[PDB]
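Given next, in C-alpha cells, is a single chain: the form deposited in one PDB entry.
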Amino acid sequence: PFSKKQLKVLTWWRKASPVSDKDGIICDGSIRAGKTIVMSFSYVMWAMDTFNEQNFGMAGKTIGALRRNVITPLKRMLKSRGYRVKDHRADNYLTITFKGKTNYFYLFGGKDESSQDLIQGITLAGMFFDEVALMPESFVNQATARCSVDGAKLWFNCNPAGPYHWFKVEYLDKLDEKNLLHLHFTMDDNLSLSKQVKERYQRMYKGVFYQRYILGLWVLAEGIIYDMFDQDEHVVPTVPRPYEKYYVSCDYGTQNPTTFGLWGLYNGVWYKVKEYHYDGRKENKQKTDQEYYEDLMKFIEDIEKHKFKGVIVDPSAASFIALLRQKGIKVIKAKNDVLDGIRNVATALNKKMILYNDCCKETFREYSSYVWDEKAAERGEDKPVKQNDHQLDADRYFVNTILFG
C-alpha cells in the first residue's frame, strides 16, 4: 500500500490529473517516507508513456550513490511491472522498453568529471534529481538547460538542509515562478512503517537533525553541533573491560594537533578507551611521521594484536599512511564525509552506539566548543567551524567508517 501522497507522485503527470499542466515536481521531506522509490518509478512510467526514442537524465550526489539509492531497486520494481531494462554499466545509461516504446535514461553525478562533459551537449526530454539538496547548483541549472524537448518535466527529490540553501531559496520559495508541484513528505506517508518502527527512528535523532530528517523542516544549523552530548549519559568510568575488537582513529597534524583514539567493542557498544593528543604549538616542538608511528605503537602496546583491526586515518596524511604500511600496520582510509559524518556521530550518541571513558578530557572539551559556521550557514552552506575539532574529527572518521556503511 502506497499512501494517498505516494499515489499523487505516481499520477500527477497523467492527463486525467488537475495538476498535469505543471512543468515538474519537488518532493522534499523526511527520510524513509517512501518518496525516492515511488518518484523514481513514476519518472520512468511518465517518460515511457509520454515519449518514444527520447533521452532522459537521472542524477545523484555521485553515480554510485544514485545506483545504490535509486536505480537498483527501481530496476527490480520496473521488471516486476513488466518493463524490459538493459543497464549499460560502463556507459552509465539504461534502455527501458515498454509496450512497443523505448527510451534512454542517462545516469549523472553532481560533481562527477565525466558527467560534466556529457551534460554540456546532450538533449533531454526530462531530468530527475535525487538528493538535489546535496548537488551543486551550477550542475542542476546546466542539467535543466539541456531539457530542450517539447513537453519536458523536471523532477526533484531531497531531504532538508538550511532555509538559506539555494534549493530552498530558488526552487521551493519560487515555486509558482518555475511552475512546479510540491509534495512534502513525513514518515506518516509511508504505510509500510509500523508505529513500532517509526518510534525507533524518532529516537535516533535530536536537535537540528531531528527537525530536518523527521519533521521534514528546512531549519537553520546554529550553535553547538553535538547538542545531544551529555556527560550524565555518554561518559563512563575508566576501568578495564574485556574488549572484543579494537581500532585506532587518527586526525593527523604536524602544525596542528595530532590525535589517536583507542576504540574497543564490548557488548554492542564501542568505547573510546583512551585518547592521545599532541600539540605542536603548545609543546613548542613539532613531530615527524616516525615519531607519531613510534607513539602509535606505545599507544597500543597493551592490546592483543589478534583483536586490533587497524588504524583509521584521513587519506590526506599519505606520508604517514606510507610509513604505517611499510611497518605492516593495517590502514583504513576514513570516510571523510563532513556533514554526513557529523550527522552519524550524533546518531551514535543518541542511540548510545558509543560511550567515552572519563579520561577522554580533550575530547569532552571539544564537544562543548564544536559549533556550526554561522556566517556560512546563512549563505546556505552547513559547515563546522574547523577549530578544536581534532578529537571530534577522529571520532567522526571512526563512527562514519566502522559503525555506518
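Residues that one form lacks are left out of the comparison. Here, rigid core means the biggest group of C-alpha atoms that superpose within 1.5 Å across both forms. Each residue number is its position in the shown sequence, starting from 1.
The same protein also has a form deposited in another entry, omitted here; what follows describes it.
With the core fitted between the shown form and the other one, just one of 236, 145, 118, 269 shows a Cα displacement of at least 2 Å, namely 118. Between the C-alpha atoms of residue 115 and residue 98, a gap widened by no less than 3 Å is obtained in the other entry, as opposed to the form on display. After superposition on the rigid core, residues whose Cα atoms move by 2 Å or more in a run of at least three fall only at 111-119 between the shown form and the other one.
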